[PDB]
Protein chains: 2
Amino acid sequence: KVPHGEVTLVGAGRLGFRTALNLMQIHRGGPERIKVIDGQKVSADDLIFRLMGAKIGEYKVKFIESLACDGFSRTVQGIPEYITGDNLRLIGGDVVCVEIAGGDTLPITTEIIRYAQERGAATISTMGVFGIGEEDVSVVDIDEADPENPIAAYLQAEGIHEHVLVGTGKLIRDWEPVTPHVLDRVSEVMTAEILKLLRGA
Amino acid sequence: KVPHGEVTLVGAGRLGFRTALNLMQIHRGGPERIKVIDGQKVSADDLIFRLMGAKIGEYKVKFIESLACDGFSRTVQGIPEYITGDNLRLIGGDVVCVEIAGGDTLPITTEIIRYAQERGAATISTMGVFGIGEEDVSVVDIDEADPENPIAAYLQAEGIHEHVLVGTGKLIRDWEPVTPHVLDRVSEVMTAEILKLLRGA
Ligand SMILES: Nc1ncnc2c1ncn2[C@@H]1O[C@H](COP(=O)(O)OP(=O)(O)OP(=O)(O)O)[C@@H](O)[C@H]1O
Ligand SMILES: Nc1ncnc2c1ncn2[C@@H]1O[C@H](COP(=O)(O)OP(=O)(O)OP(=O)(O)O)[C@@H](O)[C@H]1O
């Protein structure tokens, strides 16, 4: 049982970086290729990166690529760009996981899931990653998801189907911030659901 | 002798596909990573690509990366974008080779060299690749290049130094078309010159 299969991670911030580390450490299986796409640099406030050795001002993705040194047997590719309506061709592979934050992310998330499912990729993304540590992380297909969750509401109005959602279901409006423990939990679950989708391919 | 270092080929058409194929069949050394960057899709006119099994409509770079299957012990990365003054970030690693054609290529060529050399990459590009078959292929540093050549002239005007040019010297003003043999011979010397730059690093 060797690696096979390509996972693209659009978004490699505090969450996506955890997802990348988890996928990169997989043995007896998991993906052969990991593509990570994010336009942002490591800042002072990115302690989880700096604690692992990233320098302030280094592209996120380039740090993550750097961990797959000469000899590493999976392929890790980082592309230091934001996904826009204009570079969807950066998206294919076998599974596409969207873990982006900042601004309004729903129209791009929708454009990413269409394009990828068009090309035959299974899709997964988050539905709220707020929490103080003591929240459950749940997983639901889009057509069972809570229609009061703004993320599910938006994706269901965009007529998205066969799309996995992970997270705590707490969002920016309500009071809880984002703690590292909640992100570790959501990352673990996300990794497990990516591997299920990878098997389905 | 083992694979080490990264080469970036900006442009992967008739000529840059040939230098890719060369670098990807190196053994007992050569680069560890080959990064191929080109915005263009394979067309019916691209026979070299078609005869090697590419489908019309495929990005040139996805094709190239596809040849590097599971098991391949160097890493090949295809980024299906044109370099512009906005995404120079894609430019990095140990050698960057510019083999682009099609419209306004001397500004973007200048910007790539300066941006690459500032991040410490060694740089190489073409100086005319027209010819009917046996014309000499010469190699020359920018500061030794003949200022009758419009490419040399442009780069010298822009104060480019420590920059290797390779080609036949024949340009649009010459009566010659571009033939597949002249490309093979320019690709072969390009490959040799990249390997020199890679060792010196
Ligand atoms: N269009 C997009 N394409 C690629 N990446 C994007 C896009 N929009 C945002 N991002 C990336 O998503 C990442 C969000 O990471 P960030 O650390 O800010 O939040 P997070 O991982 O959700 O964790 P937290 O829950 O702590 O905010 C950033 O690195 C950002 O660059
Ligand atoms: N700004 C750019 N960045 C990346 N690639 C580019 C850029 N501009 C042009 N190119 C690429 O340069 C390649 C040139 O390929 P093309 O087959 O047309 O000419 P060639 O390699 O010089 O061969 P010939 O000498 O027969 O014309 C194209 O695939 C094109 O997409």
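These values consider heavy atoms only, across backbone and side chains, with no hydrogens, waters or symmetry-generated copies. Lettering of chains follows the sequences in order, A, B, ..., and the numbering in each one begins at 1.
Residues B/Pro180 and B/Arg18 form a side-chain contact, since some pair of their non-hydrogen atoms from C-beta on lies under 4.5 Å apart. Side-chain contact between B/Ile142 and B/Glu162: absent, with no pair of heavy atoms (C-beta onward) separated by less than 4.5 Å. A/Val166 places none of its side-chain heavy atoms less than 4.5 Å from the side chain of A/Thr126. A heavy-atom distance below 4.5 Å is found between the side chains of A/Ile83 and A/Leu90. Between B/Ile37 and B/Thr8, some side-chain heavy-atom pair lies under the 4.5 Å cut-off. Residues B/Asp94 and B/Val7 form no side-chain contact, since every pair of their non-hydrogen atoms from C-beta on lies 4.5 Å or further apart. Side-chain contact check for B/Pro31 versus B/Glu6: every heavy-atom pair is 4.5 Å or farther apart. Side-chain contact between A/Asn87 and A/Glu81 is present, with heavy atoms from C-beta onward closer than 4.5 Å.
The number of heavy-atom neighbours closer than 6.0 Å to NZ of B/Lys1, taken from other residues, nucleotides and ligands shown, is 12 or below. Applying the 6.0 Å contact sphere to CD1 of B/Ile172 captures no more than 12 heavy atoms from other residues, nucleotides or ligands. When the shell of 6.0 Å around CG of A/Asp136 is examined, it contains 12 or fewer heavy atoms from other residues, nucleotides or ligands. No more than 12 heavy atoms of other residues, nucleotides or ligands sit less than 6.0 Å from atom NE2 of A/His4.
B/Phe49 approaches B/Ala12 most closely through the heavy-atom pair CZ-O, 3.3 Å. Nearest heavy-atom pair across A/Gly167 and A/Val186 is CA-CG2, 4.3 Å. The nearest pair of heavy atoms linking A/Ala116 to A/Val96 is CB-CG2, 3.7 Å. Of all heavy-atom pairs spanning A/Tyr82 and A/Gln40, the tightest one is OH-CG, 2.8 Å. Minimum heavy-atom separation, B/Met127 to B/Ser138: CE-OG, 3.3 Å.
At least one donor-acceptor pair closer than 3.5 Å links the side chain of B/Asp141 to the backbone N or O of B/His163. Side-chain atoms of B/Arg114 never come within 3.5 Å of backbone atoms of B/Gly159 as a donor-acceptor pair (strictly under, hydrogens ignored). Put simply, the side chain of A/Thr109 gets close to the backbone of A/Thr105: a donor and an acceptor are under 3.5 Å apart.
Counted by atom type alone, A/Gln77 and A/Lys35 present zero donor-acceptor pairs between their side chains at under 3.5 Å. Side chains of A/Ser187 and A/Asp184: no donor on one and acceptor on the other come within 3.5 Å. In this structure, a donor-acceptor pair under 3.5 Å is present between the side chains of B/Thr123 and B/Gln117. A donor and an acceptor atom, one from each side chain of A/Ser125 and A/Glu99, are nowhere located under 3.5 Å apart. Side chains of B/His161 and B/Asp143: a donor-acceptor N/O pair is present below 3.5 angstrom, by distance only.
Partners of B/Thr75 under the side-chain contact (heavy atoms from CB on, under 4.5 Å) rule, at least two apart in sequence or in another chain, are A/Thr75, B/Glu32, B/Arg33. Under the rule for a side-chain contact (heavy atoms from CB on, under 4.5 Å), the partners of B/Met52 that lie at least two apart in sequence or sit in another chain are B/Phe17, B/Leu21, B/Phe63.
If you take CD1 on A/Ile64 and CG on A/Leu23, they are separated by 11.0 Å, rounding to the nearest 0.5 Å. For the atom pair A/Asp46 CG and A/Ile56 CD1, the distance stands at 8.5 Å (nearest 0.5 Å). Between the CD atom of B/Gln156 and the CG atom of B/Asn149 there is a distance of 8.5 Å, given to the nearest 0.5 Å.
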With side chain to side chain contact (heavy atoms under 4.5 Å, CB included) as the criterion, how do A/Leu155 and A/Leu165 come out once you've worked through the C-alpha distance, each side chain's angles and the decisive distance to 0.1 Å?
CA-CA 10 Å; A/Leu155 297 186; A/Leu165 288 170; 3.9 Å; yes
Residues B/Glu65, B/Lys62; criterion salt bridge (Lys or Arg N to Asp or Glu O under 4.0 Å); working and verdict
CA-CA 5 Å; B/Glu65 172 168 355; B/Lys62 286 172 159 155; over 6 Å; no
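With respect to A/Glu188 and A/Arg185, a salt bridge is recorded, a charged nitrogen being found less than 4.0 Å from a carboxylate O.
Annotation: cation-pi geometry satisfied between A/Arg119 and A/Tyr115 (NZ/CZ under 6.0 angstrom from ring centroid, within 45° of ring axis).
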